[PDB]
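One structure is given here, and the rest of the page talks about it.
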Amino acid sequence: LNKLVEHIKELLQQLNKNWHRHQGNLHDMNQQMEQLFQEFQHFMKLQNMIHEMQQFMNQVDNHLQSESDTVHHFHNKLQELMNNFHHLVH
Amino acid sequence: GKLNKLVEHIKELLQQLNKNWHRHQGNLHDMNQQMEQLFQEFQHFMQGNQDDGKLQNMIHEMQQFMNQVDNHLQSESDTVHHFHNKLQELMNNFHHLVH
Ligand SMILES: [K+]
């Protein structure tokens, strides 16, 4: 019956595990880019290399914006679902 | 040299992050669809059910599960913001370093 609730609680477990894995990759990403800033600081054309660093950082900036937008989209939908639920029961 | 090999490595890492995320975005879709069907099944239950105690027990169970997803999503959002803003700090610093 309404024991999709046991099942879906288990889906959250799986997705939470998948999340820490992705968070790990976010720390490692942040790790390399800090190492790389330090390299550039030491070496301060090389401004073609600078141009490429800026363009790569731009990519990461755009990707994390997409990550945010996506979390907010699903979070918003969860809210709507809780609102629907509330009106259902009240 | 050390500078070049990091630039390739970090680019491979971004591509690996793009793929991992698409998988996570897929999972968020799934969760959203699963919870939609959870809601539909609840509606079916509420319809048939005539026992107020069992209804109230199930309402509680539903609220608590939704709260867990709510809390976890707020946690995904906080982590992305933390790392996004760290990057933006680095980007600003770097801009001023090279100009
Ligand atoms: K009823």
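No lab work stands behind these numbers, since they all come straight from the coordinates. Note: ideal-geometry Cβ built from the backbone for every residue, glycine included; neighbour counts use all protein chains shown.
Structural remarks
- Looking across segment B:16-65, just one residue is away from the ligand (no atom under 16 Å from the Cβ), surrounded by fewer than 11 Cβ atoms within 10 Å (Cβ to Cβ) and over 17 Å from the mean Cα position of the chain (by Cα), and that is B:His60.
- Residue in segment B:66-75 that is within 16 Å of the ligand (Cβ to nearest atom) and exposed (fewer than 13 other Cβ atoms within 10 Å of the Cβ) present: no
- Where A:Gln14 falls short, out of the listed (1) more than 19 Å from B:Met35 (Cα to Cα); (2) more than 7 Å from chain B (Cβ to nearest Cβ): (1)
- Cβ pairs under 7 Å, 6+ apart, first in segment B:46-62 and on the phi > 0 side of the Ramachandran plot, second exposed (fewer than 10 other Cβ atoms within 10 Å of the Cβ) and outside any helix (DSSP H, G or I): none
- Condition check for B:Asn93: loosely packed, with under 13 Cβ neighbours inside 10 Å, within 30 Å of A:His63 (Cα to Cα) and away from the ligand (no atom under 16 Å from the Cβ): yes
- For segment B:6-32, the set of residues classified as farther than 18 Å from B:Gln64 by Cα and among the polar types (S, T, N, Q) consists of B:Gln15, B:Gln16, B:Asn18, B:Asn20, B:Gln25, B:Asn27, listed by residue number.
- Filter result (of a type in the set (A, V, I, L, M) and within 23 Å of B:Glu12 (Cα to Cα)) within segment A:6-37: A:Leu26, A:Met29, A:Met33, A:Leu36
- Residue within segment B:51-69 that is within 27 Å of A:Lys3 (Cβ to Cβ) and not in a helix (DSSP H, G or I) present: yes
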